[PDB]
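Asker: Build me a structure from this.
(chains A, B, C and D, ligands or ions: 12)
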Amino acid sequence: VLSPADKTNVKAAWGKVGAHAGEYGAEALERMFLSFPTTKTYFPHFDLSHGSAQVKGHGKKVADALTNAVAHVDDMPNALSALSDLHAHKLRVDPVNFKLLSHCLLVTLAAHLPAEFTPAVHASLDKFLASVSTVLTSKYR
Amino acid sequence: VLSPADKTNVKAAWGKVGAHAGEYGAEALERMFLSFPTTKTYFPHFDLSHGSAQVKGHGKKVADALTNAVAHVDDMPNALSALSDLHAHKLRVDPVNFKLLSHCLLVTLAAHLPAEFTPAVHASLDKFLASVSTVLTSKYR
Amino acid sequence: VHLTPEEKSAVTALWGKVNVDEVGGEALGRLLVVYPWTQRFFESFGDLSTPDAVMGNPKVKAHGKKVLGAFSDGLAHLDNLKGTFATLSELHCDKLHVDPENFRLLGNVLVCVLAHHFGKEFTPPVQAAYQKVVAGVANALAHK
Amino acid sequence: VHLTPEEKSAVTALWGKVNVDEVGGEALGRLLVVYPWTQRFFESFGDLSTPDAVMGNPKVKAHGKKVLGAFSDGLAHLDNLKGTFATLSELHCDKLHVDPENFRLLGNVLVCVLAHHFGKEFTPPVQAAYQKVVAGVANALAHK
Ligand code: HEM
Ligand code: HEM
Ligand code: HEM
Ligand code: HEM
Ligand SMILES: */[SH]=c1/[nH]nc([C@@H]2COc3ccccc3O2)[nH]1
Ligand SMILES: */[SH]=c1/[nH]nc([C@@H]2COc3ccccc3O2)[nH]1
Ligand SMILES: */[SH]=c1\[nH]nc([C@@H]2COc3ccccc3O2)[nH]1
Ligand SMILES: */[SH]=c1\[nH]nc([C@@H]2COc3ccccc3O2)[nH]1
Ligand SMILES: S=c1[nH]nc([C@@H]2COc3ccccc3O2)[nH]1
Ligand SMILES: S=c1[nH]nc([C@@H]2COc3ccccc3O2)[nH]1
Ligand SMILES: S=c1[nH]nc([C@@H]2COc3ccccc3O2)[nH]1
Ligand SMILES: S=c1[nH]nc([C@@H]2COc3ccccc3O2)[nH]1
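Answerer: Numbers count the residues shown, from 1 in each chain, chains lettered A, B, ... in the order given. Ligands and ions are numbered 1, 2, ... in the order given. Find the structure here:
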C-alpha cells in the first residue's frame, strides 16, 4: 500500500514528465472522452474538441491535483478531502469513471515516457492511481 | 465514510442477527459458491455441498472477522491487517470477488431481517462491506 | 441466457408471486439510495434528498413498474434478450449514456429486494438462477 | 463489434507494425506484474517472483504469442467475435474459471503496451478504436 519502492517509482515518473504534466493531463482527458463517451456527460458545458482551451485548463487542474497527492502521499485522504466531496457529493461521479481516467492517465505516460514506463513503474503508477481513486470515491463509503 | 448514522445502522443489524451470525456467514458463502462458480476455485479442498461442516466452520470465521471489523470500525485497516495480507499476498484473491461475497452477505441479511433491512440500513451495510473489502484489497495498492 | 429446467422453475415460481406494482419501484428507489451517483439521471423526478423521500416518490415507483415490466418481458424471451432489449439498449447507451456497470448494480439490488420479500423462500439455488437472469439482462442492455 | 472505416484504418495501420513475437508476452507479463492475482492461473510457468523474472520468463513470452495470435484472429473476424472465441470462451470460463473482469484488464494492459511501443503515433483516436476492439474481444470470451 504505497510502499517505499512505489513512491520512488512514482517520483521518478513525475520528474521525467516535469513541466509537461498539465499538457499530459489534458491529453488523458481527451483520451478518456474519445475512448469512453459516457464520461462526456459530466462535461456538458465544456467544448471537447481537440485544442480546446477548456480541456487544456482542466488537464492542468487534474495534473496539479495528482501532484499535490504524490507530494502528500502519506496523507492523501486529508490532502484530497475537498476533491472527494466535490466528485462524490456534488458531481456524483460514477466510481467506474475513476478507473477509466486512471487507464487514460497511464496510457498517456506510456506514450511519452518510453524509458520510464517499465513493468515495475507501471505497477507503481497503477497503485498510485488506484489509491487516489479510492480516496476520491471514499465519500460514497 | 462510515458516518455515525451508518455505524448506528450496522450496529442495529448486527444486534438482530445476534447468535445466528456464523450460520448466516455460512449461508452467504453457499450463496456465493452457487451464484458465482468462479469463486469455488479458491476452495478446491473444501467440500461445498449443502450442510458441509467445512463451509459452516468457515462461515463462522468470516462472521467473526466482520464483527471484529465493526467492533473496531474506526480502525479497520489495523484490525483487518493480517487478513489483508492473507487474502491479497497468499491467496491472491481477485478484487472483484469481494464485491460478489459482499452482495451475498447483504442478500442473506435481507432474507433474515425483514424489519431491519430498510433502504437506509441496506445503504449503511453496503458501505460497511465496501470499506471492509477496500481494506482487504489494500495490499494490492 | 440458457437456464436448466430447475433454474427456470426456481425463477418462475417466485416471479408469479411478485407484486408487480411495488417491487420495481423498490428496486429503483434502493438503487438511487445505495448508489447515489445514479440519481444524476433522475434530476426530473423531484425530491430524492433522503431515503424516505426517494422511496415515497411517486415518480420513482411509477418508473420502477416499467423497469420490472422490462425484466418480465426478458424472462419470457430469455433466448432473445438481444432482440428484446434492442431499443432499451439504444436508449440507455446512445441517448442516456449510462455506464453498463449500473445495469449490473440494478440487477443485484433487484435480487436483494426479492430476498427481502421472500425470505427463506429465496434459497441459495433460487438466488443463483436469478443471478444468471440479471447478468443476461444486463448484458443485453449493454450491447449498444 | 462494428468499427467505422476510420477506426478500422486506425487499428489496422498500427497492427501491421506490431512485433508479434514480443508484444503478446509483454502484455501478459505486465498483467501478471500489475495485477498479481492473475498469477494464480500460471503456477506452472515457474518463477514469477519479480517483474524481471516474470518479463524474462520463457513461458510467459511463449504464451503471450498465443494471446496476441487470438487478438489478431479477432481483428480479422470483428463481425463474428462470438463464433471466433467460442472455444477460447469454454476454456477460460468453464475450465479455468477466470473472472471476465480480467479479460478487460488484459485488453487494457495491451493498450498500454501499444502506447509504449508507438508513442505519439498511438493518438487518442487510435486508442479509442483499440478500446472498442478489446471490449468486443473481452465480451466474446465472456459469453460462456
Ligand atoms: C484521477 C482522478 C481525478 C482527479 C485527480 C480529478 C481532479 C479534479 C480537479 C482538481 C478538479 C477541479 C476542482 C476545482 O476546479 O475546484 C475536478 C473537477 C471535475 N472533475 Fe475531476 N478529477 C478526477 C476524476 C474525474 C472523473 C473520473 C470524472 C468524471 C468522468 C471527473 C469529472 C469532473 C468534473 C465534471 C469536474 C468539474 C468540471 C467543471 O464543471 O468545471 N473527474 N477534477
Ligand atoms: C468480506 C470479506 C471477507 C472476509 C471478512 C473474509 C474472512 C476470512 C477469514 C476470517 C478467513 C480465515 C483466516 C484464518 O483462518 O486464518 C479467510 C480465509 C479465506 N478466504 Fe476469506 N474473507 C473474505 C472474502 C473472501 C473472498 C471474496 C474469497 C475468494 C472468493 C475468499 C477466500 C478465502 C480463502 C480461500 C480462505 C482460506 C481457506 C482455507 O484454505 O482454509 N475470502 N477469509
Ligand atoms: C438493468 C436494468 C434496466 C432496465 C431493465 C431498465 C428499463 C427501463 C425502461 C423500460 C425505461 C423506460 C423506457 C421508455 O419510457 O420507453 C427506462 C428508462 C430510463 N432508465 Fe432504465 N433500465 C435499467 C437501468 C437503468 C439504469 C441503471 C439507469 C441509470 C442510473 C437508467 C436510467 C433511466 C432513465 C433516466 C430513463 C428515462 C428515460 C426517459 O424517459 O427519457 N436505467 N429504463
Ligand atoms: C482477453 C484476452 C485473452 C485472450 C485473447 C486469451 C487467449 C488465450 C489462448 C489463445 C490460450 C491458449 C489456448 C490453447 O492452448 O489452445 C489461452 C490459455 C490460457 N489463458 Fe488466456 N486469454 C485471455 C485472457 C486470460 C486471462 C486474463 C487469464 C487469467 C488470468 C487467462 C489464463 C489462461 C490460462 C491459465 C491458459 C492456459 C490454459 C492451459 O494451457 O491449460 N487467459 N489464453
Ligand atoms: S444486496 C445489494 N445491493 N447492491 C448490490 C450490488 C450491486 O452491484 C454489484 C456489481 C457487481 C457484483 C455484485 C454487485 O452487488 N447487492
Ligand atoms: S495502462 C493500464 N494497465 N491496466 C489498465 C487497466 C485494466 O483494467 C481496467 C478495467 C476497466 C477499465 C479500465 C481498465 O484499465 N490500464
Ligand atoms: S450501455 C453500453 N454498452 N456499451 C457501452 C459502451 C460504449 O463505448 C465503449 C467504449 C470503450 C469500451 C467499452 C464501451 O462500451 N455502453
Ligand atoms: S468467462 C465467463 N463469462 N460469464 C461467466 C460467468 C458465469 O457464471 C455467472 C453467474 C452469475 C453472474 C455472472 C456470471 O458470468 N464467466
Ligand atoms: S478488478 C480490479 N483490480 N484493480 C482494478 C482497477 C480498475 O481498472 C484500472 C484502471 C487504471 C489503472 C488500474 C486499474 O485497475 N480493477
Ligand atoms: S465505493 C467504490 N466502488 N469503486 C470504487 C473505486 C473507484 O475507482 C477505483 C480504481 C482503481 C481501484 C479501485 C477503485 O475503486 N469505490
Ligand atoms: S461501480 C461501484 N460502486 N460500488 C460498487 C460495489 C461493487 O458491488 C457491490 C457488491 C456488494 C455490495 C456493494 C457493492 O457495490 N461498485
Ligand atoms: S485494487 C482494487 N480494485 N477493486 C478493489 C476493491 C474490491 O472490492 C470492492 C467492493 C466494494 C467497493 C469497492 C471495492 O474495490 N480493490
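Asker: tell me the SS of whichever residue of chain C sits closest to ligand 1?
Answerer: As assessed by Cβ to the nearest ligand atom, ligand 1 sits closest to residue C:99 within chain C, at 9.5 Å. In this view, the C-beta of every residue, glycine as well, is placed from N, C-alpha and C. Here residue C:99 is coil, with the state taken from DSSP: H, G, I helix; E, B strand; the rest coil.
Asker: could you list every residue that touches residue 63?
Answerer: In the absence of a named chain, chain A is used. A:21, A:22, A:24, A:25 (Cβ atoms under 8 Å, 6 or more residues apart in numbering or on different chains).
Asker: think we crossed wires, I meant chain C
Answerer: By Cβ under 8 Å, 6+ apart, residue C:63 lies in contact with C:24, C:25, C:28, C:42, C:45.
Asker: Go again with 6 Å.
Answerer: Listed by Cβ atoms under 6 Å, 6 or more residues apart in numbering or on different chains, the contact set of residue C:63 reads residue C:28.
Asker: Name the residue of chain C that lies nearest to ligand 9.
Answerer: residue C:101 (11.3 Å).
Asker: what number of residues lie near that residue?
Answerer: 16 (other Cβ atoms under 10 Å in any protein chain shown).
Asker: close enough to count as contact, it and residue A:96?
Answerer: Yes - if you go by Cβ atoms under 6 Å, residue C:101 and residue A:96 touch, sitting 4.7 Å apart.
Asker: what's the closest non-adjacent residue to whichever residue of chain C sits closest to ligand 10?
Answerer: Closest residue of chain C to ligand 10, Cβ to the nearest ligand atom: residue C:35 (8.6 Å). In space, not counting the residues next to it along the chain, residue C:35 is nearest to residue C:105; the distance is 5.5 Å by Cβ to Cβ, 6 or more residues apart in numbering or on different chains.
Asker: Three-state assignment for the one you found, please.
Answerer: What three-state DSSP gives for residue C:105 is helix.
Asker: Quick check: PyMOL command selecting the buried ones in the contacts of residue A:63.
Answerer: Typed into PyMOL, the next command selects the buried ones out of the contacts of residue A:63 (criterion: 16 or more other Cβ atoms under 10 Å in any protein chain shown):
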select buried, chain A and resi 21+22+24+25
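Asker: Between which two of the contacts of residue A:63 is the distance greatest?
Answerer: A:22 and A:24 (7.3 Å; Cβ to Cβ).
Asker: Which SSE is immediately downstream of the helix or strand where residue C:62 lies?
Answerer: According to DSSP states H and E, residue C:62 maps onto helix C:58-76. Where DSSP H and E defines the elements, the next helix or strand beyond helix C:58-76 is helix C:81-84.
Asker: Can you tell me which residues in chain A are near ligand 9?
Answerer: A:99, A:102, A:103, A:106, A:126, A:129, A:130 (Cβ under 6 Å from any ligand atom).
Asker: Who are the contact partners of residue A:126?
Answerer: Counting by Cβ under 6 Å, 6+ apart, residue A:126 has contacts residue D:34.
Asker: quick one, what contacts the one residue in chain A that gets nearest to ligand 11?
Answerer: Ligand 11 sits closest to residue A:95 of chain A, with a gap of 4.0 Å, by Cβ to the nearest ligand atom. Contact partners of residue A:95, counting by Cβ under 6 Å, 6+ apart, are residue A:137.
Asker: hmm, try it at 10 Å
Answerer: By Cβ atoms under 10 Å, 6 or more residues apart in numbering or on different chains, residue A:95 lies in contact with A:87-88, A:133-134, A:136-137, A:140-141, B:130, C:35, C:37, C:99, C:101.
Asker: Okay, and which of the residues you listed map to helices?
Answerer: The helices, defined by DSSP state H, take in A:133, A:134, A:136, B:130, C:101 from the contacts of residue A:95.
Asker: Distance-wise, check the fourth one relative to ligand 8.
Answerer: For residue B:130, the distance to ligand 8 under the criterion Cβ to the nearest ligand atom, to the nearest Å works out to 19 Å.
Asker: check whether the host helix or strand of residue C:27 contacts chain B.
Answerer: Using DSSP H and E, residue C:27 sits within helix C:23-34. Yes - interface with chain B: helix C:23-34 contributes C:26, C:29, C:30, C:31, C:32, C:33, C:34 (Cβ under 10 Å from any Cβ of the partner chain).
Asker: just to revisit the earlier point, what about the residue of chain C closest to ligand 1, how many residues close to it?
Answerer: By the criterion of other Cβ under 10 Å, residue C:99 has 22 neighbours.
Asker: May I have the phi/psi pair for it?
Answerer: With angles defined as degrees, to the nearest 10, residue C:99 sits at phi -70, psi 130.
Asker: Which residue would be the closest one in chain A to ligand 3?
Answerer: Residue nearest to ligand 3 within chain A: residue A:94 (8.9 Å; Cβ to the nearest ligand atom).
Asker: Can you read off the backbone torsions of that residue?
Answerer: phi -60, psi 130.
Asker: What's the local residue count around it?
Answerer: Neighbours of residue A:94 (other Cβ under 10 Å): 25.
Asker: How about it: what's its closest non-neighbour residue?
Answerer: Residue A:94 sits nearest to residue C:37 (Cβ to Cβ, 6+ apart), 4.8 Å away.
Asker: so what sits against both of residue C:101 and residue A:96?
Answerer: Overlap of the contact sets of residue C:101 and residue A:96 (by Cβ under 10 Å, 6+ apart) consists of residue A:38.
Asker: State the helix or strand in which residue C:17 lies.
Answerer: Under DSSP H and E, no helix or strand contains residue C:17.
Asker: show me the contacts for the closest residue in space to it that isn't next to it in sequence.
Answerer: Nearest non-adjacent residue to residue C:17, counting by Cβ to Cβ, 6+ apart: residue C:118, 7.5 Å away. By Cβ under 10 Å, 6+ apart, the contact set of residue C:118 is B:110, B:111, C:14, C:17, C:18, C:126.
Asker: surely the first one meets residue B:122?
Answerer: Yes - Residue B:110 is in contact with residue B:122 according to Cβ atoms under 10 Å; the separation is 7.4 Å.
Asker: Quick check: neighbours shared by the two?
Answerer: Common neighbours of residue B:110 and residue B:122 (Cβ under 10 Å, 6+ apart) are B:116, C:112, C:113, C:116.
Asker: Which pair of those spans the longest distance?
Answerer: Farthest pair in the shared contacts of residue B:110 and residue B:122, by Cβ to Cβ: B:116 and C:113, 14.9 Å.
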